[PDB]
Every structure is written in C-alpha cells, then in structure tokens.
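Novice: Protein chains in written order, with the deposited numbering: chain A, 360 to 388; chain C, 361 to 388; chain B, 361 to 387; chain D, 361 to 386. Sharing a structure here in structure tokens format.
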Amino acid sequence: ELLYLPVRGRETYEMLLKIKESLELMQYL
Amino acid sequence: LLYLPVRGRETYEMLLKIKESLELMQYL
Amino acid sequence: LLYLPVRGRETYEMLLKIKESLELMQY
Amino acid sequence: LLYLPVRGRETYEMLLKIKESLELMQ
C-alpha cells in the first residue's frame, strides 16, 4: 500500500507533489 | 484536506518535514 | 541576503527546488 | 562547497534544517 500524507490546501499539495517527484528521482539515482 | 500518495517511508518523512516548513512560511 | 553553504551538486539542486516552494508559500 | 543565496533569515534557517534532513536521508 502507498502511504497517504495529509495536506491542507491545493497550493501546498501541488508543491509537495512536485518535490515528491524530485525526491523519488533522487532516491533512485 | 487532501491526501498525497507516497510510495516510500523515507520520502514520506522528508515530505512531512517540508510540509511543516511550508506551513510556517505562510506566517511570513 | 544570507548564503546557505551546500556541498554537492545534487543537494544544491534539491535545495534550490525546495527554496522555490518555501518562498512561493508567502504569495 | 557552494553558496545558495536566500532572502531573509527565516527562509535560510528553514533551508538549513531541511538540508540536514536531506543529507541524512541520502
């Protein structure tokens, strides 16, 4: 199962979504 | 209130720290 | 301005991305 | 060693704490 991180607000959510993507790349490299 | 799906627990914890920081930036 | 010390290309580039989001939260 | 320019002490300190967590992680 995925983990589900609670977030308030679409602004913050979208930022974290983008950073997540970068972190996942980092962790694979 | 939204829920961001995350695969790794390491990613999850880092995102949790960044979220805390983003929340506090909203004060400035 | 302050100047954050960073060692390593990868870390610098990640912090640059996180910096952008931190700063945009104000707006 | 590189220096990332940042407007404002609060953002700078936030980024320092994040850097330590990032470095720990990787």
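The beta-carbon is built from N, C-alpha and C at its ideal position, and this holds for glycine as well.
Contact check, B/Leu364 vs D/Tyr372 under 8 Å by CB: the rounded distance?
Specialist: If you number the third sequence from 1, residue 364 of chain B lands on position 4. If you number the fourth sequence from 1, residue 372 of chain D lands on position 12. Sure, about 6 Å apart at Cβ, within 8 Å.
Novice: Assuming B/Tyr372 is part of the beta strand (DSSP E), what are its boundary residues?
Specialist: Numbered from 1 along the third sequence, position 12 holds the residue referred to as residue 372 of chain B. Here B/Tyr372 belongs to no beta strand (DSSP E); instead the alpha helix (DSSP H) covers 369-384.
Novice: Who are the Cβ neighbours of C/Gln386 in its own chain at under 7 Å, not counting the five residues just before and after it?
Specialist: Sequence index remark: in the second sequence, residue 386 of chain C carries index 26 (1-based). Correct list: empty, nothing qualifies.
Novice: Which value, in whole angstroms, describes the spacing of the CA atoms of A/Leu362 and B/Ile378?
Specialist: The residue given as residue 362 of chain A occupies position 3 in the first sequence. The residue given as residue 378 of chain B occupies position 18 in the third sequence. Roughly 21 Å separates the two Cα atoms.
Novice: In angstroms, rounded to a whole number, what distance separates the CA positions of C/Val366 and A/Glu380?
Specialist: Sequence index remark: in the second sequence, residue 366 of chain C carries index 6 (1-based). Sequence index remark: in the first sequence, residue 380 of chain A carries index 21 (1-based). Distance between the alpha carbons of C/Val366 and A/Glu380 is about 10 Å.
Novice: On the criterion of 16 or more Cβ atoms from any shown chain inside 10 Å, does C/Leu388 qualify as buried, or is it exposed?
Specialist: Within the second sequence, numbered from 1, the residue matching residue 388 of chain C stands at position 28. So C/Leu388 ends up on the exposed side.
Novice: Expressed to the nearest angstrom, what Euclidean distance is found between the alpha-carbon atoms of B/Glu383 and D/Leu384?
Specialist: One-based indexing of the third sequence puts residue 383 of chain B at position 23. One-based indexing of the fourth sequence puts residue 384 of chain D at position 24. In a straight line, the C-alpha of B/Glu383 is about 23 Å away from that of D/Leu384.
Novice: Starting from D/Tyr363, trace the beta strand (DSSP E) both ways and give me its first and last residue.
Specialist: To locate residue 363 of chain D, count along the fourth sequence from 1; it is residue 3. Unbroken beta strand (DSSP E) run through D/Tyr363: 362-366.
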